[PDB]
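K.L.:
Dropping in entry-v5.pdb, with PDB, N, CA and C atoms.
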ATOM      1  N   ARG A1912    -148.629  80.214 172.063  1.00  0.00           N
ATOM      2  CA  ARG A1912    -147.734  79.822 170.981  1.00  0.00           C
ATOM      3  C   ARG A1912    -148.424  79.899 169.624  1.00  0.00           C
ATOM      4  N   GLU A1913    -149.725  79.608 169.573  1.00  0.00           N
ATOM      5  CA  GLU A1913    -150.450  79.697 168.310  1.00  0.00           C
ATOM      6  C   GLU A1913    -150.668  81.148 167.901  1.00  0.00           C
ATOM      7  N   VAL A1914    -151.080  81.997 168.845  1.00  0.00           N
ATOM      8  CA  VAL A1914    -151.280  83.408 168.531  1.00  0.00           C
ATOM      9  C   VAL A1914    -149.948  84.079 168.222  1.00  0.00           C
ATOM     10  N   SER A1915    -148.888  83.692 168.936  1.00  0.00           N
ATOM     11  CA  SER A1915    -147.575  84.273 168.676  1.00  0.00           C
ATOM     12  C   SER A1915    -147.059  83.876 167.297  1.00  0.00           C
ATOM     13  N   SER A1916    -147.293  82.626 166.892  1.00  0.00           N
ATOM     14  CA  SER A1916    -146.851  82.186 165.572  1.00  0.00           C
ATOM     15  C   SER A1916    -147.600  82.920 164.467  1.00  0.00           C
ATOM     16  N   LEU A1917    -148.896  83.173 164.666  1.00  0.00           N
ATOM     17  CA  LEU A1917    -149.668  83.895 163.660  1.00  0.00           C
ATOM     18  C   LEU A1917    -149.192  85.338 163.532  1.00  0.00           C
ATOM     19  N   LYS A1918    -148.843  85.971 164.653  1.00  0.00           N
ATOM     20  CA  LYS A1918    -148.356  87.345 164.601  1.00  0.00           C
ATOM     21  C   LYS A1918    -147.002  87.425 163.906  1.00  0.00           C
ATOM     22  N   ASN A1919    -146.133  86.441 164.141  1.00  0.00           N
ATOM     23  CA  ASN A1919    -144.825  86.444 163.493  1.00  0.00           C
ATOM     24  C   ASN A1919    -144.940  86.204 161.994  1.00  0.00           C
ATOM     25  N   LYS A1920    -145.919  85.406 161.565  1.00  0.00           N
ATOM     26  CA  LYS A1920    -146.090  85.148 160.140  1.00  0.00           C
ATOM     27  C   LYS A1920    -146.507  86.412 159.397  1.00  0.00           C
ATOM     28  N   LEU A1921    -147.440  87.178 159.964  1.00  0.00           N
ATOM     29  CA  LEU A1921    -147.874  88.411 159.315  1.00  0.00           C
ATOM     30  C   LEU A1921    -146.774  89.463 159.311  1.00  0.00           C
ATOM     31  N   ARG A1922    -145.930  89.482 160.344  1.00  0.00           N
ATOM     32  CA  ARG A1922    -144.846  90.458 160.393  1.00  0.00           C
ATOM     33  C   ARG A1922    -143.735  90.101 159.416  1.00  0.00           C
ATOM     34  N   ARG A1923    -143.491  88.805 159.211  1.00  0.00           N
ATOM     35  CA  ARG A1923    -142.444  88.381 158.288  1.00  0.00           C
ATOM     36  C   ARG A1923    -142.925  88.366 156.843  1.00  0.00           C
ATOM     37  N   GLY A1924    -144.216  88.132 156.622  1.00  0.00           N
ATOM     38  CA  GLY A1924    -144.753  88.098 155.278  1.00  0.00           C
ATOM     39  C   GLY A1924    -144.775  86.733 154.632  1.00  0.00           C
ATOM     40  N   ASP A1925    -144.966  85.671 155.411  1.00  0.00           N
ATOM     41  CA  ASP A1925    -145.000  84.312 154.877  1.00  0.00           C
ATOM     42  C   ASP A1925    -146.275  84.130 154.067  1.00  0.00           C
ATOM     43  N   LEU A1926    -146.146  84.142 152.745  1.00  0.00           N
ATOM     44  CA  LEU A1926    -147.278  83.977 151.848  1.00  0.00           C
ATOM     45  C   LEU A1926    -146.796  83.279 150.588  1.00  0.00           C
ATOM     46  N   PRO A1927    -147.696  82.627 149.851  1.00  0.00           N
ATOM     47  CA  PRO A1927    -147.280  81.933 148.624  1.00  0.00           C
ATOM     48  C   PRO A1927    -146.877  82.900 147.522  1.00  0.00           C
ATOM     49  N   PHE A1928    -145.639  83.378 147.569  1.00  0.00           N
ATOM     50  CA  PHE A1928    -145.118  84.306 146.580  1.00  0.00           C
ATOM     51  C   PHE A1928    -144.249  83.573 145.564  1.00  0.00           C
ATOM     52  N   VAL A1929    -143.896  84.287 144.498  1.00  0.00           N
ATOM     53  CA  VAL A1929    -143.067  83.747 143.427  1.00  0.00           C
ATOM     54  C   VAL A1929    -142.005  84.776 143.069  1.00  0.00           C
ATOM     55  N   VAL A1930    -140.776  84.311 142.894  1.00  0.00           N
ATOM     56  CA  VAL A1930    -139.675  85.217 142.547  1.00  0.00           C
ATOM     57  C   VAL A1930    -139.879  85.733 141.126  1.00  0.00           C
ATOM     58  N   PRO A1931    -139.838  87.042 140.899  1.00  0.00           N
ATOM     59  CA  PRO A1931    -140.031  87.566 139.543  1.00  0.00           C
ATOM     60  C   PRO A1931    -138.859  87.208 138.640  1.00  0.00           C
ATOM     61  N   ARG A1932    -139.079  87.390 137.341  1.00  0.00           N
ATOM     62  CA  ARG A1932    -138.077  87.103 136.328  1.00  0.00           C
ATOM     63  C   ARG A1932    -137.992  88.263 135.348  1.00  0.00           C
ATOM     64  N   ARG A1933    -136.792  88.484 134.821  1.00  0.00           N
ATOM     65  CA  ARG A1933    -136.567  89.561 133.870  1.00  0.00           C
ATOM     66  C   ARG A1933    -136.993  89.133 132.466  1.00  0.00           C
ATOM     67  N   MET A1934    -136.969  90.092 131.547  1.00  0.00           N
ATOM     68  CA  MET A1934    -137.343  89.861 130.162  1.00  0.00           C
ATOM     69  C   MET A1934    -136.100  89.705 129.295  1.00  0.00           C
ATOM     70  N   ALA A1935    -136.226  88.891 128.251  1.00  0.00           N
ATOM     71  CA  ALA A1935    -135.128  88.640 127.331  1.00  0.00           C
ATOM     72  C   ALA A1935    -135.148  89.644 126.186  1.00  0.00           C
ATOM     73  N   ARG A1936    -133.972  89.893 125.624  1.00  0.00           N
ATOM     74  CA  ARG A1936    -133.810  90.826 124.520  1.00  0.00           C
ATOM     75  C   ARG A1936    -133.826  90.086 123.187  1.00  0.00           C
ATOM     76  N   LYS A1937    -134.160  90.823 122.132  1.00  0.00           N
ATOM     77  CA  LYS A1937    -134.217  90.252 120.797  1.00  0.00           C
ATOM     78  C   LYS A1937    -132.817  90.088 120.219  1.00  0.00           C
ATOM     79  N   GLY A1938    -132.640  89.027 119.436  1.00  0.00           N
ATOM     80  CA  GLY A1938    -131.359  88.749 118.820  1.00  0.00           C
ATOM     81  C   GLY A1938    -131.250  89.274 117.403  1.00  0.00           C
ATOM     82  N   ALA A1939    -131.584  90.550 117.210  1.00  0.00           N
ATOM     83  CA  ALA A1939    -131.525  91.182 115.891  1.00  0.00           C
ATOM     84  C   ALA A1939    -130.063  91.462 115.551  1.00  0.00           C
ATOM     85  N   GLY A1940    -129.392  90.431 115.050  1.00  0.00           N
ATOM     86  CA  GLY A1940    -127.997  90.523 114.673  1.00  0.00           C
ATOM     87  C   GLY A1940    -127.825  90.790 113.189  1.00  0.00           C
ATOM     88  N   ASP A1941    -126.707  91.426 112.847  1.00  0.00           N
ATOM     89  CA  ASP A1941    -126.424  91.740 111.453  1.00  0.00           C
ATOM     90  C   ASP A1941    -126.073  90.475 110.680  1.00  0.00           C
ATOM     91  N   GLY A1942    -126.523  90.416 109.425  1.00  0.00           N
ATOM     92  CA  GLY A1942    -126.258  89.268 108.584  1.00  0.00           C
ATOM     93  C   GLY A1942    -124.931  89.366 107.852  1.00  0.00           C
ATOM     94  N   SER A1943    -124.518  88.236 107.287  1.00  0.00           N
ATOM     95  CA  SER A1943    -123.272  88.141 106.545  1.00  0.00           C
ATOM     96  C   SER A1943    -123.543  88.133 105.044  1.00  0.00           C
ATOM     97  N   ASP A1944    -122.465  88.267 104.270  1.00  0.00           N
ATOM     98  CA  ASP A1944    -122.537  88.282 102.814  1.00  0.00           C
ATOM     99  C   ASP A1944    -122.382  86.893 102.203  1.00  0.00           C
ATOM    100  N   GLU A1945    -122.871  85.856 102.878  1.00  0.00           N
ATOM    101  CA  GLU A1945    -122.772  84.487 102.376  1.00  0.00           C
ATOM    102  C   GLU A1945    -124.066  84.110 101.655  1.00  0.00           C
ATOM    103  N   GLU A1946    -124.249  84.723 100.489  1.00  0.00           N
ATOM    104  CA  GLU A1946    -125.427  84.484  99.667  1.00  0.00           C
ATOM    105  C   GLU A1946    -125.144  83.392  98.645  1.00  0.00           C
ATOM    106  N   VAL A1947    -126.134  82.527  98.431  1.00  0.00           N
ATOM    107  CA  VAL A1947    -126.033  81.423  97.487  1.00  0.00           C
ATOM    108  C   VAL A1947    -127.178  81.527  96.492  1.00  0.00           C
ATOM    109  N   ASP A1948    -126.879  81.265  95.223  1.00  0.00           N
ATOM    110  CA  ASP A1948    -127.892  81.333  94.185  1.00  0.00           C
ATOM    111  C   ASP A1948    -128.880  80.176  94.318  1.00  0.00           C
ATOM    112  N   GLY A1949    -130.074  80.379  93.770  1.00  0.00           N
ATOM    113  CA  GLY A1949    -131.110  79.369  93.818  1.00  0.00           C
ATOM    114  C   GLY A1949    -131.171  78.516  92.568  1.00  0.00           C
ATOM    115  N   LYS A1950    -130.037  78.365  91.893  1.00  0.00           N
ATOM    116  CA  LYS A1950    -129.990  77.565  90.678  1.00  0.00           C
ATOM    117  C   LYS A1950    -130.127  76.082  91.004  1.00  0.00           C
ATOM    118  N   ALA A1951    -130.676  75.332  90.050  1.00  0.00           N
ATOM    119  CA  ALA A1951    -130.872  73.902  90.217  1.00  0.00           C
ATOM    120  C   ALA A1951    -130.904  73.241  88.847  1.00  0.00           C
ATOM    121  N   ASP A1952    -130.539  71.963  88.817  1.00  0.00           N
ATOM    122  CA  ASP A1952    -130.524  71.212  87.573  1.00  0.00           C
ATOM    123  C   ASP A1952    -131.908  70.648  87.268  1.00  0.00           C
ATOM    124  N   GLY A1953    -132.144  70.377  85.982  1.00  0.00           N
ATOM    125  CA  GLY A1953    -133.414  69.839  85.553  1.00  0.00           C
ATOM    126  C   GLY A1953    -133.458  68.322  85.583  1.00  0.00           C
ATOM    127  N   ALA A1954    -134.675  67.790  85.545  1.00  0.00           N
ATOM    128  CA  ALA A1954    -134.872  66.351  85.569  1.00  0.00           C
ATOM    129  C   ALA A1954    -134.585  65.746  84.197  1.00  0.00           C
ATOM    130  N   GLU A1955    -134.259  64.451  84.201  1.00  0.00           N
ATOM    131  CA  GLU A1955    -133.956  63.725  82.975  1.00  0.00           C
ATOM    132  C   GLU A1955    -134.726  62.413  82.865  1.00  0.00           C
ATOM    133  N   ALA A1956    -135.652  62.145  83.781  1.00  0.00           N
ATOM    134  CA  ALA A1956    -136.419  60.909  83.729  1.00  0.00           C
ATOM    135  C   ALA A1956    -137.401  60.934  82.563  1.00  0.00           C
ATOM    136  N   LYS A1957    -137.652  59.755  82.004  1.00  0.00           N
ATOM    137  CA  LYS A1957    -138.567  59.616  80.881  1.00  0.00           C
ATOM    138  C   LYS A1957    -139.987  59.381  81.372  1.00  0.00           C
ATOM    139  N   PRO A1958    -140.984  59.694  80.549  1.00  0.00           N
ATOM    140  CA  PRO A1958    -142.374  59.489  80.968  1.00  0.00           C
ATOM    141  C   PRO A1958    -142.714  58.009  81.070  1.00  0.00           C
ATOM    142  N   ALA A1959    -143.700  57.712  81.911  1.00  0.00           N
ATOM    143  CA  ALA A1959    -144.134  56.341  82.114  1.00  0.00           C
ATOM    144  C   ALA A1959    -145.150  55.937  81.047  1.00  0.00           C
ATOM    145  N   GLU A1960    -145.387  54.633  80.951  1.00  0.00           N
ATOM    146  CA  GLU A1960    -146.332  54.095  79.979  1.00  0.00           C
ATOM    147  C   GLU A1960    -147.664  53.757  80.640  1.00  0.00           C
TER
END
Using the file provided, produce a representation of the structure as structure tokens.
P.N.:
Amino acid sequence: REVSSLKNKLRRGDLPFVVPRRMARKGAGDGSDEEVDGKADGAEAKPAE
């Protein structure tokens, strides 16, 4: 039973294997025309003493 079990393991291929995984694709998507200006207001605080 021990020799038979060892022979069946080699014939079946029982080994510490890992299922492979595929690769992901890049998300290079086209942009939209929703542009915003970089304008900003100025400060109005007074200097300290």
K.L.:
Hey, can you check how far atom CA of residue A:1912 sits from atom CA of residue A:1926?
P.N.:
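The value is 19.6 Å.
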K.L.:
Would you work out the distance separating atom C of residue A:1919 from atom N of residue A:1933, expressed in Å to one decimal?
P.N.:
28.5 Å
K.L.:
Residues of stretch 1914-1948 of chain A classed as helix (DSSP H, G or I) by DSSP on the backbone are to be reported as an NGL selection string.
P.N.:
:A and (1914-1923)
K.L.:
Kindly give the distance, in Å, that separates atom CA of residue A:1920 and atom CA of residue A:1932, rounded to a single decimal.
P.N.:
25.2 Å
